[PDB]
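For reference, the chains in residue letters:
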Amino acid sequence: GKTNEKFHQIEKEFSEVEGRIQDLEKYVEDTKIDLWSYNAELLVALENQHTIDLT
Amino acid sequence: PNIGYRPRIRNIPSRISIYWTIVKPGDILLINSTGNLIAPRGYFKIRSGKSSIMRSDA
Amino acid sequence: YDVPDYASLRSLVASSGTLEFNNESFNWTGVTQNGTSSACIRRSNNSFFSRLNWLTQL
Amino acid sequence: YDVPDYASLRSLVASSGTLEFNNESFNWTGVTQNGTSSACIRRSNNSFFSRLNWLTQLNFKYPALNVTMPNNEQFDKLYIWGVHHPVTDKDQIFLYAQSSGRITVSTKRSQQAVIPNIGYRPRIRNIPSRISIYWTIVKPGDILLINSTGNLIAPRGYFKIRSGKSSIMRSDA
Ligand SMILES: *[C@@H]1O[C@H](CO)[C@@H](O[C@@H]2O[C@H](CO)[C@@H](O[C@@H]3O[C@H](CO[C@H]4O[C@H](CO)[C@@H](O)[C@H](O)[C@@H]4O)[C@@H](O)[C@H](O[C@H]4O[C@H](CO)[C@@H](O)[C@H](O)[C@@H]4O)[C@@H]3O)[C@H](O)[C@H]2NC(C)=O)[C@H](O)[C@H]1NC(C)=O
Ligand SMILES: *[C@@H]1O[C@H](CO)[C@@H](O[C@@H]2O[C@H](CO)[C@@H](O[C@@H]3O[C@H](CO[C@H]4O[C@H](CO)[C@@H](O)[C@H](O)[C@@H]4O)[C@@H](O)[C@H](O[C@H]4O[C@H](CO)[C@@H](O)[C@H](O)[C@@H]4O)[C@@H]3O)[C@H](O)[C@H]2NC(C)=O)[C@H](O)[C@H]1NC(C)=O
Ligand SMILES: *[C@@H]1O[C@H](CO)[C@@H](O[C@@H]2O[C@H](CO)[C@@H](O[C@@H]3O[C@H](CO[C@H]4O[C@H](CO)[C@@H](O)[C@H](O)[C@@H]4O)[C@@H](O)[C@H](O[C@H]4O[C@H](CO)[C@@H](O)[C@H](O)[C@@H]4O)[C@@H]3O)[C@H](O)[C@H]2NC(C)=O)[C@H](O)[C@H]1NC(C)=O
Ligand SMILES: *[C@@H]1O[C@H](CO)[C@@H](O[C@@H]2O[C@H](CO)[C@@H](O[C@@H]3O[C@H](CO[C@H]4O[C@H](CO)[C@@H](O)[C@H](O)[C@@H]4O)[C@@H](O)[C@H](O[C@H]4O[C@H](CO)[C@@H](O)[C@H](O)[C@@H]4O)[C@@H]3O)[C@H](O)[C@H]2NC(C)=O)[C@H](O)[C@H]1NC(C)=O
Ligand SMILES: *[C@@H]1O[C@H](CO)[C@@H](O)[C@H](O)[C@H]1NC(C)=O
Ligand SMILES: *[C@@H]1O[C@H](CO)[C@@H](O)[C@H](O)[C@H]1NC(C)=O
Ligand SMILES: *[C@@H]1O[C@H](CO)[C@@H](O)[C@H](O)[C@H]1NC(C)=O
Ligand SMILES: *[C@@H]1O[C@H](CO)[C@@H](O)[C@H](O)[C@H]1NC(C)=O
C-alpha cells in the first residue's frame, strides 16, 4: 500500500515504425523497466537476508 | 495545398490535412485564405488534468 | 483525412480530457458554407464533419 | 546527395539488417530512363546509383508520370526515391522541359509532396546540384502511387525490411 500514482505518460507501444523519436521512446521506457527490475531484486534480497538473520 | 492524385479510399481520391492552433488569453486569431480552406466552426476548451488515452480490448 | 502530426494532436487533446465545443459566429461572406460530401453519410444524407466547415465558391 | 532526415533513415535500415533488393517492373513511358552522370564513375564509365533511376526528357517532351505499384505480398516494403534539384532554369528546361516541377508520392495512410528548389550550391566533385532522398514504407495491402511532372529520381524496386537484433556501429577496430 505504498504505491505512487501516474496519470499521463508517453506511448510505450508503437505500430508504425518511425525514425529517431520512436527509438528514443523505446529506450527511455526500457531504461526505467530494467532499473526498477534491479531495484526490486535488491530490495527483496536485502530484506530476506535481514529477516533470516534476525530470526 | 498540393494538387495531386492519391489512392482511393471510399471512392474518394482527395485528402484533407488537419492543423490545430492554440490561442492564449488576450491573443487574436487571424485566418486569411484564398481557397482550399476547411474553416473551423468553433473553439475547443482545453485544460490541464489527470486525463489520458489508452488502447485496450477489455 | 490525414493529420501531419497525429501523435501531437492525440496527446494534447487526451491530456485535456474534455470536448466542450462552443460555436462561434464567423463572417464568411461571399462563399457558400456547409459543404457536403457523398463519402460521409449522416442519416442517409450527404454531410461532413460536424466541427468543420467546407467553403465552396459562390 | 543530401538526406533531409539522415538519422531516421540510418536507424530503420540498420535495425532491419537486410538489403534484399528486388527489381520491380514500372511503366515509365514517354521518358528516357537510366540517366548517367560524370561524377559517379563505374568501370571507367558514366553511371549513377544502382538502386535509383534518373528520368530525362524524350524528344523535348515530358508527360506526367502516373504509375501505381500495389503491394500484394505479406511483408512491409521500403521504397527509396529521390528528388533532384537543378542549378539554373536553363538546366531545368534542358532536362525536364518544364519550368516548374512537382513530385507527389502518396499511399493510403500517408502522402509526401516535395517541390524542387532550383538554386546554386557549393561544388562537390565539380557538381553544383543536390539530390534529396526520401523513403516510403508500404504496408501489406497498401497501394503506392507515384505522380510527378519532373525532377523525379524514380526507384528501381523495393527494399525488404524486418525486425531483428541488427544494429550499426562506428569503430576502427
Ligand atoms: C492515375 O493512377 C491512379 C492509380 O492510383 C488512378 O486511380 C484509379 O482510377 C481508377 C479509375 O479512375 C479507379 O477505378 C475505380 O474504382 C472505383 C472503386 O472501386 C471499388 O468499387 C467498385 C464498384 O463501384 C468495385 O467493382 C471495385 O472492385 C472496388 O471495390 C469504382 O467505383 C470505379 O468504377 C467506375 O468504372 C466502372 C467501370 O469499370 C463503372 O461501371 C463505374 O460506374 C465507375 O464509372 C472505378 O473502377 C481506381 O480505384 C483508382 N485507384 C487505383 C489504386 O487504381 C487514376 O485514375 C490515374 N489517373 C488517370 C487520369 O487515369
Ligand atoms: C489576406 O487578406 C487580404 C484581404 O482580402 C487579401 O488581399 C486581397 O487579395 C486579393 C487577391 O486576389 C486581391 O485581389 C486582386 O487585387 C488586385 C489589385 O488590383 C487593384 O488595384 C490596382 C492598382 O494597384 C487597380 O489597377 C485594379 O483595377 C484593382 O483595383 C487585382 O489586380 C487582381 O485582379 C486579378 O483578378 C481579376 C479577377 O477578379 C483578374 O481579371 C485579373 O487579371 C487578376 O488576375 C485581384 O482582384 C485583393 O485586392 C486584396 N485586397 C486588398 C484589400 O488588398 C490577401 O490576398 C490575403 N492573403 C492571402 C495569402 O490570401
Ligand atoms: C555563384 O557563386 C558560386 C560560389 O559558390 C559560384 O560557384 C563557383 O563557380 C566557379 C566557376 O563557375 C567554380 O570554379 C570552377 O571550379 C572547378 C573545380 O575546381 C577544382 O578543379 C580545378 C581543375 O579543374 C582546380 O584547378 C581547382 O583548384 C579545384 O580543385 C573547375 O574545374 C572550373 O574550371 C573552369 O574554369 C577554368 C579556368 O579557371 C577552365 O580552365 C576549366 O576548363 C573550367 O572551364 C572552375 O574553376 C567554383 O568552384 C564554384 N564554387 C565556389 C565555391 O566558388 C557560381 O559560379 C556563381 N554563379 C555564377 C553565375 O557565376
Ligand atoms: C497526376 O497525374 C495526372 C495524370 O497524368 C496529371 O494530369 C495531367 O497533368 C498535365 C499537366 O501538364 C496535363 O497537361 C495539361 O493539360 C491541360 C488541359 O487542357 C486540355 O483540356 C482543355 C479543356 O479543359 C482543352 O481545351 C485542351 O485542348 C486540352 O485538351 C492543357 O491545357 C495543358 O497545356 C499546357 O501545355 C501545352 C504544351 O503541351 C502548352 O502549349 C499550353 O500552353 C499549356 O501550358 C497541358 O497539356 C494533363 O492533361 C493531365 N492529364 C489528365 C488526364 O488530367 C497530373 O498533373 C499529376 N499531378 C501532378 C502534381 O503532377
Ligand atoms: C463581414 O465582412 C464584411 C466585409 O465586406 C463587412 O462589411 C461586414 O460588416 C462584416 N460583418 C461582421 C459581422 O463583422
Ligand atoms: C450550416 O449548418 C448549421 C447547422 O448544421 C446551421 O446552424 C447554419 O445556419 C448553416 N449555415 C448556412 C449558411 O446554411
Ligand atoms: C503504361 O501506360 C500506358 C499509358 O499510355 C498504357 O497504355 C500502358 O498499357 C501501360 N503499361 C502497363 C504495362 O501498365
Ligand atoms: C536500364 O538498365 C538496366 C540495367 O542497368 C536494364 O535492365 C534496363 O533494361 C535498362 N532500361 C533501359 C530503358 O535502357
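Going by the header, the method for this PDB entry is cryo-EM, and the resolution given is 3.41 Å.

The name the PDB entry assigns to chain D is Hemagglutinin, from the organism Influenza A virus. The record lists the entry's title as "Cryo-EM structure of SRR2899884.46167H+MEDI8852L fab in complex with Victoria HA".

As recorded in the PDB entry, chain A goes by the name Fusion protein of Hemagglutinin and Envelope glycoprotein, listed as coming from Influenza A virus.

Undergrad: Whenever I open this one, the interface of chain D and chain A confuses me. Can you help?
TA: Where interface size is given, it is often the accessible area lost as the parts come together that is meant. Taken together, the contact between chain D and chain A spans 6 residues of the former and 6 residues of the latter. In this assembly, chain D packs against chain A so that about 550 Å² is buried in total across both faces, 50% of it on carbon and sulfur atoms. On the surface where chain D and chain A come into contact, there are 1 salt bridge. Linking D:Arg109 and A:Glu16 is a salt bridge whose minimum nitrogen-to-oxygen distance equals 3.0 Å. Take the side of chain D that touches chain A: its biggest share by element is 3 residues, from helix 1 (residues 6-16) of chain D. For the side of chain D that touches chain A, the residue count by class is 2 nonpolar, 2 polar and 2 charged.

Undergrad: Even after reading the chapter, I still don't get the site of ligand 1, so can you show me in this structure?
TA: All residues in the neighbourhood of ligand 1 are listed as B:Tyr5, B:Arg8, B:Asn11, D:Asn66, D:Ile143 and D:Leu145. Residue neighbours of ligand 1 fall on chains B and D, so the site bridges chains. Look at ligand 1: alone it shows 1,100 Å² of surface, and the protein chains cover 29% of it. Partitioned by chemical class, the residues of the shell around ligand 1 number 3 nonpolar, 2 polar and 1 charged.

Undergrad: So what exactly am I meant to see when it comes to the packing of aromatic side chains here?
TA: Any two aromatic rings considered together are summarised by their centre-to-centre distance and by the angle between their planes. The full count for this structure, using the stated rule, is 11 aromatic pairs over all chains. Residues D:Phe21 and D:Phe159 carry aromatic rings whose centres are separated by 5.1 Å and whose planes lie at 50° to one another, so their mutual orientation is tilted. On the criterion of sequence distance, the pair formed by D:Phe21 in strand 1 (residues 21-23) and D:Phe159 in strand 12 (residues 157-160) is long-range, its members being 138 residues apart. Its relative accessible area of 12% is what places D:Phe21 among the buried residues. Judged by relative accessible area, D:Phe159 falls into the buried class, the value being 13%. Three or more aromatic residues link up through ring pairs in this structure, and these residues are C:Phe48, C:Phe49 and C:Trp54. Over the ring of D:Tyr158 we find D:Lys77; its NZ or CZ atom is 4.0 Å from the centre of that ring.

Definitions and limits used
- Residues numbered from 1 in each chain as written, not as in the entry; some residues may be left out.
- Chains lettered and ligands numbered in written order.
- Part of a larger assembly, values for the part shown.
- Heavy atoms only, no water.
- Contact = heavy atoms within 4.5 Å.
- Buried area = accessible area lost by both parts, 1.4 Å probe.
- Salt bridge = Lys/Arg side-chain N within 4 Å of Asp/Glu carboxyl O.
- Helix = DSSP H or I, 4+ residues; strand = E, 2+ residues; numbered from the N terminus.
- Nonpolar A, V, L, I, M, F, W, Y, C, P; charged D, E, K, R; others polar.
- Near = heavy atom within 4 Å.
- Areas by Shrake-Rupley, 256 points an atom, 1.4 Å probe, with all protein chains shown as cover.
- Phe/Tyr/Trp six-rings, centres within 6.5 Å; stacked < 30°, edge-to-face > 60°.
- Buried < 20%, exposed > 50% of the residue type's maximum accessible area, 1.4 Å probe, protein only.
- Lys NZ or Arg CZ within 6 Å of the ring centre and 35° of its normal.

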